Amino acid sequence: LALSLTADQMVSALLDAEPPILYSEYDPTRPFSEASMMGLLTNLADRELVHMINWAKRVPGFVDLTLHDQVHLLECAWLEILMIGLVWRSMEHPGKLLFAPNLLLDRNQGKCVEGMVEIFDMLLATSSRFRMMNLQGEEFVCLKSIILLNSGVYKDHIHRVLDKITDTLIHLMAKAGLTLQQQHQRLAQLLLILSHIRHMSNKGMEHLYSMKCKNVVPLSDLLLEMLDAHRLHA
Amino acid sequence: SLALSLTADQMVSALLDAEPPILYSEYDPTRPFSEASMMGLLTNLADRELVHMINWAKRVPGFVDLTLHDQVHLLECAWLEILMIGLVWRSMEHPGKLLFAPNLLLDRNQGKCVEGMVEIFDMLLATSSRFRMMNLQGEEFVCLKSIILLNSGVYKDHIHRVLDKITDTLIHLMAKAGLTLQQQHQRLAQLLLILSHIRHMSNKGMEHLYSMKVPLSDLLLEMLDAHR
Amino acid sequence: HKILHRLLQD
Amino acid sequence: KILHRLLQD
Ligand SMILES: O=S(=O)(Oc1ccc(Br)cc1)[C@@H]1C[C@@H]2O[C@H]1C(c1ccc(O)cc1)=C2c1ccc(O)cc1
Ligand SMILES: O=S(=O)(Oc1ccc(Br)cc1)[C@@H]1C[C@@H]2O[C@H]1C(c1ccc(O)cc1)=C2c1ccc(O)cc1
């Protein structure tokens with residue numbers, strides 16, 4: 001049913017499959033300790049995972065996969081998908097990362113957790129990169145879907161859907177009035193950022209499943225299982 | 001500059017001539033193999049390959065236009081990626097095996113000699129298999145490799161301009177190959193999505209390399225410490 | 001078994 | 001750094 005859909009139908013489906021922007025735990029106290037910082041992030045990410053899972057099942061072609069394949073893809077891409085969400089939300093907040101509408105953080109708070117500020121800078125640069133490119137919402141949901149399907153594909157069906165999203169991405173740029181040259185260039189620019197998102201995920205992951213970051217805050221069972229999938233090995 | 005003045009055919013030509021040679025291993029088909037020996041072989045190979053990569057990078061259009069600090073940064077970030085994409089390129093016509101060197105053709109069975117390398121081996125095999133099904137051309141490979149060098153640590157506007165130039169080059173190649181406009185966009189996307197996998201393999205491979213790890217050389221130790 | 005299985009089945 | 005000088009040369 002995914003391959004049969006058109007470009008505008010693809011966009012419409014992805015736009016309406018979008019998860020909500022969840023809030024952090026209220027009562028502020030700007031997270032100055034690494035315990036409170038990790039606490040808020042872990043809690044937030046854990047709640048987002050539930051929405052992400054139901055978001056994935058509403059992505060055209062994902063349901064058509066076996067349950068085993070669905071698990072593998074989500075295991076590989078879950079931090080990537082959280083990150084591209086974060087940088088997308090943080091576009092109109094330069095110099096700051098909008099984890100939640102009630103949780104806006106700068107790089108200074110990134111120093112609260114030992115070794116997290118390196119990745120905050122990368123996230124801020126990615127959000128900044130997206131800003132100057134004037135990344136549209138229709139392109140973002142295309143990029144996020146690509147991350148889900150591509151990051152664990154290494155299967156003719158998946159690549160058939162990946163091509164369909166590519167057709168969709170170009171269709172958006174064509175409508176925006178970009179010339180053919182501006183179309184391949186922008187498409188290339190967007191996909192190269194996915195490599196950086198992968199990089200941030202891997203560097204972030206190896207900290208997250210480290211024994212030090214596992215002991216700072218009691219992690220949920222689900223989040224712990226999503227980490228364990230990457231902890232093979234190090 | 002000059003990289004921005006080059007045509008697509010001049011870009012391809014410049015990249016093809018800048019290609020490093022395929023070095024030989026110090027593998028003796030008697031001998032064991034084992035974790036220590038195999039890691040010794042691959043380290044010695046990569047160490048020697050690094051010297052050629054460094055001089056290859058200088059011949060990449062737009063690279064020497066960058067500062068020395070930025071050149072160092074890009075190579076520190078991308079060196080294992082560049083080694084890996086070179087490896088899977090050599091192994092395209094060798095299904096189920098990895099061609100580290102003409103005298104060193106390994107399968108996943110022997111990749112298990114090193115504890116924790118079999119997973120990365122499988123990913124390398126899958127990537128090479130992916131290149132084989134796509135019928136990756138040499139003109140496309142040298143473009144992808146140059147993209148990896150410039151993009152893996154770009155996080156500046158000059159680099160992006162060279163990236164757009166290499167993008168045009170890839171499209172030019174596919175257009176001469178008879179591919180329709182739709183086929184060009186798709187093939188362009190497929191190739192760049194593989195770079196994400198190559199990034200993944202590098203990261204996973206890197207954290208293994210700077211772990212407990214048998215004697216690494218002086219240059220290779222600095223390339224590793226840049227990620228640690 | 002994994003929790004991810006259950007949330008995907010639903 | 002070795003990488004620095006090799007690029008220098
Ligand atoms: O990659 S990180 O910055 O994680 C860490 C990296 C280094 C250290 Br040290 C500790 C955590 C990661 C990105 C962002 O902040 C970290 C993090 C996070 C933290 C704890 C979790 O249990 C889950 C996710 C983030 C995050 C959370 C929710 C989002 O919607 C988006 C991003
Ligand atoms: O990503 S790996 O497989 O590295 C390891 C991963 C896990 C373990 Br355990 C040990 C090494 C990596 C890919 C390939 O085999 C490993 C490796 C290597 C080993 C030691 C070095 O000092 C440098 C490179 C490889 C390699 C070497 C030369 C190439 O031209 C291409 C790839």
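Residues numbered from 1 in each chain as written, not as in the entry; some residues may be left out. Chains lettered and ligands numbered in written order. Heavy atoms only, no water. Residues with missing side-chain atoms left out of burial classes, pairs and counts.

Enquirer: I'd like a rundown of the interface of chain B and chain D, residues and numbers included.
Expert: A common way to state how big an interface is: give the accessible area lost once the parts meet. On the chain D side, the residues contacting the 12 residues of chain B number eight residues. Counting each side, the surface lost to burial between chain B and chain D is near 1,000 Å², with a carbon and sulfur contribution of 75%. Viewed at the interface, chain D and chain B are joined by one salt bridge. In this structure, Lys 1 of chain D and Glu 76 of chain B form a salt bridge, with 3.2 Å as the shortest nitrogen-oxygen distance. The interface formed by chain B and chain D contains four residue pairs in polar contact. Mapped by element, the contributors of at least two residues to the side of chain B that touches chain D are α2 (35-58), α3 (68-90) and α9 (218-225) of chain B. At five residues, the largest contribution of residues to the side of chain B that touches chain D is made by α3 of chain B. Class assignment for the residues of the side of chain B that touches chain D results in seven nonpolar, one polar and four charged. (Contact = heavy atoms within 4.5 Å. Buried area = accessible area lost by both parts, 1.4 Å probe. Salt bridge = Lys/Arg side-chain N within 4 Å of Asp/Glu carboxyl O. Polar contact = N/O pair within 3.5 Å; in protein donor to acceptor, adjacent residues only side chain to side chain. Helix = DSSP H or I, 4+ residues; strand = E, 2+ residues; numbered from the N terminus. Nonpolar A, V, L, I, M, F, W, Y, C, P; charged D, E, K, R; others polar.)

Enquirer: Please set out the site of ligand 2 residue by residue, giving values where relevant.
Expert: Residue and element names in this part refer to chain B. The local shell around ligand 2 holds 20 residues, among which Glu 49, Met 84, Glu 115, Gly 205 and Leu 220 are the closest. Taking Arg 90, its side chain carries an N or O atom lying 3.4 Å from an oxygen atom of ligand 2. Here ligand 2 has 640 Å² of accessible area as a free molecule, and 99% of this is covered by the chains. Looking at the shell around ligand 2, the elements that each hand over two or more residues are α2, α3 and α8 (181-209). Residues belonging to the shell around ligand 2 are distributed by class as follows: 12 nonpolar, four polar and four charged. (Near = heavy atom within 4 Å. Areas by Shrake-Rupley, 256 points an atom, 1.4 Å probe, with all protein chains shown as cover.)

Enquirer: Describe the pairing of strand β1 (residues 97-101) of chain B, listing the residues and the values that go with them.
Expert: All names here are of chain B. Counting buried positions along β1 gives four out of five residues, so the element sits mostly inside the fold. Bridge count for β1 against strand β2 (residues 104-107) is four bridges, and the pairing is antiparallel. Each bridged residue has a counterpart across the sheet, and for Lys 97 the counterpart in β2 is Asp 107. Linking two consecutive strands that pair antiparallel, namely β1 and β2, is a turn of two residues. (Buried < 20%, exposed > 50% of the residue type's maximum accessible area, 1.4 Å probe, protein only. Pairing = 2+ DSSP bridges.)

Enquirer: Describe the environment of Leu 105 of chain A, listing the residues and the values that go with them.
Expert: All names here are of chain A. Mapped onto the fold, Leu 105 is located in strand β2 (residues 103-106). Along the sequence, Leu 105 and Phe 120 sit 15 residues apart, while their C-alpha atoms lie 9.5 Å from each other. Dropping the residues within four chain positions of it, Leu 105 is found in contact with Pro 31, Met 37, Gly 95, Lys 96, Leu 97 and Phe 99.

Enquirer: Help me get a handle on the arrangement of the chains, residues and values and all.
Expert: The interface with the highest contact count, out of three pairs of chains in contact, is the one between chains A and B. In this view chain C stays clear of chain D, with the nearest C-alpha atoms of the two still 45 Å from each other.

Enquirer: Give me the lowdown on helix α5 (residues 117-132) of chain A, citing residues and values where you can.
Expert: Residues and elements named next belong to chain A. Under the 1.5 Å per step criterion, the end-to-end length of α5 is 23 Å for 16 residues, consistent within 8% with the ideal 22 Å. Inspection of α5 places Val 117, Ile 119, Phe 120, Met 122, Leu 123, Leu 124, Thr 126, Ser 127 and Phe 130 among the buried residues, and these make up the whole buried set. Buried positions along α5 lie against α3 (67-89), β1 (96-100), β2, α4 (107-110), α6 (137-150) and α8 (180-208). Positive backbone phi, at 55°, marks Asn 134, one or two positions downstream of α5. (Expected span 1.5 Å × (residues − 1).)

Enquirer: So what's going on with the UniProt feature "binding site: 17beta-estradiol" in chain A? Residues and values would help.
Expert: Residue and element names in this part refer to chain A. Residues given the UniProt feature "binding site: 17beta-estradiol" here are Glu 48, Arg 89 and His 207. Note on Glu 48: relative accessible area 15%, which makes it buried. Look past the residues within four positions of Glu 48 in its chain and what remains in contact with it is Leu 22, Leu 82 and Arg 89. Mapped onto the fold, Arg 89 is located in helix α3. In this structure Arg 89 comes out as buried when scored by relative accessible area, which is 14%. Not counting the four nearest positions on each side in its chain, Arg 89 is found in contact with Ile 21, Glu 48, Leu 98 and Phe 99. (UniProt positions renumbered as here; feature names shortened; annotations may be inferred.)

Enquirer: If you had to explain the UniProt feature "binding site: 17beta-estradiol" in chain B to someone new, which residues and values would you point to?
Expert: With numbering matched to this structure, UniProt assigns "binding site: 17beta-estradiol" to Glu 49, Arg 90 and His 208 of chain B. Position of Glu 49 of chain B among the secondary structure elements: in helix α2. Sequence-distant contacts of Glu 49 of chain B, defined by excluding residues within four places in its chain, comprise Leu 23, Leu 83 and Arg 90 of chain B. When you line up the elements, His 208 of chain B lands in helix α8. Once you skip the residues sitting within four places of it in the chain, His 208 of chain B turns out to touch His 233 and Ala 234 of chain A together with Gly 116, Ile 120 and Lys 213 of chain B.

Enquirer: Would you mind going over unusual backbone geometry in detail, with residue names and values included?
Expert: With an omega of 0°, the peptide bond running from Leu 232 of chain A to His 233 of chain A counts as cis. The omega torsion of the bond from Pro 32 of chain B to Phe 33 of chain B falls at 0°, within 30 degrees of zero and hence cis. Tracing the sequence through the fold places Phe 33 of chain B in the loop between α1 (8-17) and α2. Backbone geometry places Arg 31 of chain B, a non-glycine residue, at a positive phi of 55°. A positive phi angle is found at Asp 10 of chain C, which is not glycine, with a value near 40°. The residue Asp 10 of chain C is located in the segment after α1 (3-9) in this model.

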